[PDB]
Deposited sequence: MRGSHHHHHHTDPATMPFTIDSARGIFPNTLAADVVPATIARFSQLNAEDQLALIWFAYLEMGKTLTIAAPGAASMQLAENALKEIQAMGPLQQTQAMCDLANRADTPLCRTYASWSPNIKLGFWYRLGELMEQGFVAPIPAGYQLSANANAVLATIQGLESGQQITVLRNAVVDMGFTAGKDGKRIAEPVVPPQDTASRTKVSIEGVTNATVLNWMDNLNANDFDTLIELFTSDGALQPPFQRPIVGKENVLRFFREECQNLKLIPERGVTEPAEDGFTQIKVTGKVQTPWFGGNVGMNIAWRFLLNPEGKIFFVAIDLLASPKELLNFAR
C-alpha cells in the first residue's frame, strides 16, 4: 500500500459525493447568484438550525476586514462580496484566503447579521435566481442537514484568492480527569480508541504520535494530508472542539501484518452542536506496530450507510 492506493480500502463505503457534485454546480454560477443562493439557503436553514456565535478571537482576526467593508458605499460592499465569490485578486480576497475556515465562516456570519439589520448592502429585494442557480438551491434544500452545512462550509472556504496562515489560538487540551472514553461495538483497537478520545479532548500533540512519519489523514472530499507536520497543522487550525460519537466497527487484517478498521457513527461541529449529527465513517490502515499509515473520514450518503 501507498497513501494514494490506501484511498481504496472498504470500497463498499458510499460517500455523500452529492456534496462535491453540488459545490461544482454552485461554482459555475454568476457571483451575485452564488451570494443570493447562499442567503436564501441560510435564511431557510435558520428557521430550524441555530448557528453558534463565532469565537471572540476569530471575530478580532476578521475585525479590520469587516470594518473596511462597513465603511464602503453599498455598491462597493456588493462588489467586495462578488470579488470574494469570483476569487478575484484583491487585497481583501488575499486577506480572506490567508484565514482558517472558522475565521472565514465568522466573517460571513457577521456580514449576514449586518445584511439582516440593513447596515451592509443586502441581496436585492425580489431577487430571482438564474435557471441553474434555482436548481442548485433545490438540490441543497433536499439534502440532510449534515450535507447542507458541508456544502455551505466548502462554498465559504473556496472564496477569496490564494503563504501566510491566520488561525484561531489553540485552546489547551481537556484536563485528564474530566475526559470521556468512547466505546465502539466490535472495536477494542487502542490506536482507534486513542484517536477518538484525544480528538474529543483537543489533545493534538498526543494524537499526532499515533501516526507513522509518512502517514496521512484524508478529510471528507479532500486529498490526503501527508506527514506529521501537515497533519498537526490541520488539527490545530481546523479540528478544535469536535465531538466524535463512533458507534460500531469492523476489524480485518491487511497485507504485511497491517490491519484495516472501519468505524461508523456521528460527528458534531461546534457550529451546530447536537442540532446536526453528521453520518461519518472512519477508515484506518494501521501498520504492524499499530501506528496510523492512513485514516480517511467520509461523510456518508445516508444513515442507511451506517454499519
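- For this chain, the deposited residues without C-alpha positions form the stretches 1-17, 180-183, 329-332, given in sequence order.
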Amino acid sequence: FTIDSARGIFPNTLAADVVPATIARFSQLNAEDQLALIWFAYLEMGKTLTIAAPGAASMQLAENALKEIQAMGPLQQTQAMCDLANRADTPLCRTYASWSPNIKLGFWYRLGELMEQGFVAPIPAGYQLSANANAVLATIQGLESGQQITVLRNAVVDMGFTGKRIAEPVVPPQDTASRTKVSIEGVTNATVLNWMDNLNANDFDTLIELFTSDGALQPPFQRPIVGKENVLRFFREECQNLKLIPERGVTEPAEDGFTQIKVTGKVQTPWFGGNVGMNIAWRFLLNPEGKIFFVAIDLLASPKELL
From here on, numbers count along this sequence of modelled residues.
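- In this entry, the higher average B-factor at the C-alpha atoms falls on 249-257, of the pair 249-257 and 54-62.
- The mean C-alpha temperature factor is higher for 44-52 when 44-52 and 237-245 are set side by side.
- You'll see in the entry that, of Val151, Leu129, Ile166, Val231, the Cα B factor peaks at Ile166.
- Looking at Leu217, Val136, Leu105, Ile123, the one whose CA carries the top B-factor in the deposited record is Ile123.
- Split the chain's modelled residues into thirds by C-alpha temperature factor. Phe161 is in the highest one.
- Remark: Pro11 belongs to the middle third of its chain, ranked by C-alpha B-factor as recorded.
- Sort the chain's modelled residues by C-alpha temperature factor and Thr269 lands in the lowest third, per the entry.
- Ranked by C-alpha B-factor against the other modelled residues of its chain, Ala155 falls in the lowest third.
- Split the chain's modelled residues into thirds by C-alpha temperature factor. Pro172 is in the highest one.
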